[PDB]
Asks: 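So that we are looking at the same thing, I have put the structure below in structure tokens.
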Amino acid sequence: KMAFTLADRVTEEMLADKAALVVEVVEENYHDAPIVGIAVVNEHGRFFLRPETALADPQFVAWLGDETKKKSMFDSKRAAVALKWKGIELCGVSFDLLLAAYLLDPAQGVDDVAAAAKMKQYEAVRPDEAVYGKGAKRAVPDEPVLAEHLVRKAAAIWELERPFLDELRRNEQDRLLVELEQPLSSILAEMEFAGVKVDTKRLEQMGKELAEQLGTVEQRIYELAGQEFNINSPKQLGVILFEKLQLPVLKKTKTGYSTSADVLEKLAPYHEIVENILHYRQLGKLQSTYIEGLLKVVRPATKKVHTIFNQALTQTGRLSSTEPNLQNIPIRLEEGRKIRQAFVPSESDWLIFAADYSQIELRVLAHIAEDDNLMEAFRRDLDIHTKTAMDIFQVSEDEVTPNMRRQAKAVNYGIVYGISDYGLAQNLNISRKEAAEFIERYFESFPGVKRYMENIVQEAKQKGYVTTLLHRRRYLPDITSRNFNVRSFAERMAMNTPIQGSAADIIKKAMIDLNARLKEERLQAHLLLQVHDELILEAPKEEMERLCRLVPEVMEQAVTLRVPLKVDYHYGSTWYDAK
DNA sequence: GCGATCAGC
DNA sequence: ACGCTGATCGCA
Ligand SMILES: Nc1nc2c(ncn2[C@H]2C[C@H](O)[C@@H](COP(=O)(O)OP(=O)(O)OP(=O)(O)O)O2)c(=O)[nH]1
Ligand SMILES: [Ca+2]
């Protein structure tokens with residue numbers, strides 16, 4: 001029902017200077033994954049190519065790598081990385097339908113061509129799940145069915161580029177697609193393919209030491225409980241704490257007793273078993289998520305882990321990191337931080353270099369709210385978390401402990417993003433009236449932030465959405481809901497999304513500028529990871545001194561705000577030593 | 001499969 | 001009853 005050539009060899013009319021291209025990788029993790037078929041739609045017609053012929057054809061490989069042969073695609077990073085694993089470079093991607101749909105409305109959750117096409121009343125393509133199936137029944141269909149599906153996706157990309165670009169233009173997002181998200185997609189492809197080297201000997205040794213510490217703590221828990229149980233059984237654990245030992249019940253879940261760490265910490269005066277349960281959970285989290293989980297995904301021959309940065313998933317424009325998630329590697333507790341000693345440079349005599357924005361969301365807030373006092377604080381390069389810690393605990397600067405500062409950091413973000421006196425009192429273990437008076441004093445120091453937060457909620461009600469500094473958009477239909485709780489969540493999204501999303505925009509532009517600068521200086525240094533407000537690179541030891549001046553400057557100059565941007569940086573022999 | 005939990009930002 | 005995530009695991 002759609003005409004196409006099931007081609008046996010590559011022809012010159014397949015290599016036009018503008019085409020929709022489909023390079024199909026069905027496996028969810030596309031690293032080293034098979035390419036199961038290729039489709040090309042252009043002015044001369046529609047073509048399906050088998051990969052084992054197309055990707056060994058030197059003219060087709062040449063066409064893929066030619067920047068001047070422009071390709072429209074959906075999820076071009078998936079294609080670029082799968083091709084890198086075949087030794088083939090993809091260049092010239094000038095339109096990515098996945099990123100275009102994500103920019104127009106992140107809430108759509110668009111994850112295949114059919115879902116994007118449905119945004120523009122295009123329905124002549126099937127969902128990928130309808131073609132490949134679900135779960136244990138998932139499979140590549142017979143060639144004619146596959147070929148028609150890939151050609152139909154290519155034809156959809158071909159037809160949808162103009163209406164998508166037109167809507168992007170009306171939203172002031174066309175440069176956001178073409179100058180920011182699409183260039184970043186190629187950089188992420190390089191980072192994912194490069195991978196991060198892991199010291200598996202060290203991780204395995206930690207895993208063994210962890211397993212015996214686990215056993216010890218576990219016996220102590222059974223000892224303190226007077227019996228044995230499944231410490232991870234909510235029913236049994238709840239039964240132990242709140243029925244056998246008769247500890248107060250401070251919180252319930254939909255299903256029974258809460259045993260979250262904040263509850264257990266509040267029960268510490270009542271019984272020393274809860275501190276052991278906490279320690280046990282923390283150890284088991286390291287063991288199962290970061291020891292076993294990381295060893296499971298390491299490529300054995302290179303000792304590299306290859307994350308996938310999801311660029312079209314979060315509602316604020318942040319990236320996420322999957323399989324493994326390299327944006328939530330422990331750092332907070334010393335036992336957990338040592339996991340980072342296992343993350344090492346990929347060559348000998350190279351080092352890890354890490355640079356991060358200091359308080360970028362609060363600096364962005366000061367700029368957007370034009371709050372006189374908050375702008376002055378950052379113009380003085382004040383550490384607002386220490387200053388808040390001094391006010392909370394009524395101490396002087398040198399008397400601000402690391403834990404006090406971490407607490408004040410959650411007070412700072414909490415208050416500007418709408419925490420209530422109740423939530424603040426519960427976090428600081430102060431009276432609710434004290435917490436409310438503190439919040440009042442906080443907005444007396446920062447009335448521009450208060451005004452901005454009231455204004456942005458009203459702007460979302462009027463427009464139906466909020467935007468970031470680089471014109472990312474989030475629709476907030478619930479902000480006019482009649483249910484108070486549904487409305488309130490939407491109001492806090494209107495307060496938070498433009499700030500968190502603008503900080504996401506800035507670091508993305510910084511990455512693009514950084515790569516252009518590394519290329520211009522002819523450095524071997526390259527990005528490995530982004531962790532929201534941090535960039536992690538590796539480079540020859542002999543490049544570190546140049547990177548100490550280059551990277552912070554690139555990051556600080558990514559945008560110009562009414563307050564300066566501030567970058568801290570470290571380097572060392574492992575990721576551990578680079579912070 | 002989902003909710004609770006917890007690791008990061 | 002501040003926000004944004006992903007992985008594990010028990011299932012009340
Ligand atoms: N709403 C909220 N956001 C947070 C919280 N903690 C971190 N974030 C987000 C906001 C920012 O995008 C980013 C900043 O967190 P960081 O740990 O990097 O601390 P920050 O830069 O504020 O200070 P520091 O690095 O310690 O000088 O992470 C929090 O408790 N609540
Ligand atoms: Ca930071």
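So you know, we letter chains A, B, ... as the sequences are listed, proteins then strands, and number each from 1. The figures here come from the full heavy-atom set of this structure, side chains too, leaving out hydrogens, waters and symmetry mates.
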Asks: If every non-hydrogen atom of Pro498(A) is compared with every non-hydrogen atom of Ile368(A), which pair is closest and at what distance?
Replies: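 Answer, listing the atom of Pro498(A) first, then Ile368(A): O-CD1, 4.3 Å.
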Asks: Between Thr307(A) and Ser321(A), is there a side-chain donor-acceptor contact under 3.5 Å, judged purely by atom types and distance?
Replies: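 Looking only at side-chain atoms, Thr307(A) and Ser321(A) do form a donor-acceptor pair, the distance falling under 3.5 Å.
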Asks: Could you pull out the closest heavy-atom pair between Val364(A) and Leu561(A), with the gap in Å?
Replies: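 Looking at all heavy atoms of both residues, the closest pair is CG2-CD1, 4.0 Å.
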Asks: When you check the side-chain N and O atoms of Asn29(A) and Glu323(A), is any donor under 3.5 Å from an acceptor?
Replies: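 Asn29(A) vs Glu323(A): donor-acceptor pair found between side chains.
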Asks: Do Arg474(A) and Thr316(A) have side chains that get closer than 4.5 Å, going by heavy atoms?
Replies: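 Answer yes - side chains close enough.
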Asks: If we ignore hydrogens and angles and just use 3.5 Å, is the side chain of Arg78(A) paired with the main-chain N or O of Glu28(A) as donor and acceptor?
Replies: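 The answer is yes, because a donor-acceptor pair under 3.5 Å joins these two groups.
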Asks: What's the spacing between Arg202(A) CZ and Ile339(A) CD1 if we round to 0.5 Å?
Replies: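 It is 11.0 Å, given to the nearest 0.5 Å.
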Asks: Below 4.0 angstrom, which residues in residues 384-393 of chain A have at least one non-hydrogen atom near DNA chain C?
Replies: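 None - not one residue of the stretch has a heavy atom sitting under 4.0 Å from the strand.
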Asks: Does any residue of residues 478-495 of chain A have a heavy atom under 4.0 Å from DNA chain C, and if so, which ones, in number order?
Replies: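 Those residues whose heavy atoms fall under 4.0 Å from DNA chain C, taken from residues 478-495 of chain A in numerical order, are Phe489(A), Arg492(A), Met493(A).
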Asks: Are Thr401(A) and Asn403(A) close enough that a side-chain donor and a side-chain acceptor fall under 3.5 Å?
Replies: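 Absent: no donor and acceptor within the cut-off.
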Asks: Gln315(A) near the nucleic acid: base, sugar-phosphate alone, or nothing, with a heavy-atom cut-off under 4.0 Å?
Replies: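 Sugar-phosphate, no base atom in range.
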Asks: Report the C-alpha distance between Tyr452(A) and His367(A) in whole Å, list the side-chain angles of each, state the deciding distance to 0.1 Å, and finish with yes or no for ring pair (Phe, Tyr, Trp, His ring centres under 6.0 Å).
Replies: CA-CA 11 Å; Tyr452(A) 168 75; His367(A) 166 93; over 10 Å; no
Asks: Can you check whether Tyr422(A) stacks with the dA1(C) base, using ring centres under 5.5 Å and planes within 30°?
Replies: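 Here the ring of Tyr422(A) and the base of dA1(C) are stacked, with centres under 5.5 Å and planes under 30°.
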Asks: Within a strict 4.5 Å, meaning less than it, do heavy atoms of the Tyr290(A) and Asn325(A) side chains meet?
Replies: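 No - every pair of side-chain heavy atoms lies 4.5 Å or more apart.
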Asks: Distance check: side-chain N/O of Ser420(A) vs OP1/OP2 of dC2(C), anything under 4.0 Å?
Replies: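 Looking at the OP1 and OP2 atoms of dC2(C), one of them is under 4.0 Å from a side-chain N or O of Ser420(A).
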Asks: Suppose you measure atom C1' in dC2(B) against the same atom in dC2(C); what distance do you get, rounded to whole Å?
Replies: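 Here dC2(B) and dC2(C) have their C1' atoms 24 Å from each other.
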Asks: Just checking, is any N or O donor in the side chain of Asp505(A) or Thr468(A) under 3.5 Å from an acceptor N or O on the other one?
Replies: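 There is such a pair between these side chains.
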Asks: OP1 or OP2 of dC4(C) versus the side-chain N and O atoms of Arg474(A): is any pair under 4.0 Å?
Replies: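 For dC4(C), OP1/OP2 do have a side-chain N/O of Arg474(A) under 4.0 Å.
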Asks: Starting at atom CD1 of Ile419(A), determine the distance to atom P of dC4(C), rounded to an integer number of angstrom.
Replies: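 So the two atoms are 15 Å apart, to the nearest Å.
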Asks: Would you give a per-nucleotide map of nucleotides 2-7 of chain B, 5' to 3', where B means the base has a protein non-hydrogen atom under 4.0 Å away, S means only the sugar-phosphate does, and - means neither?
Replies: --SSBB
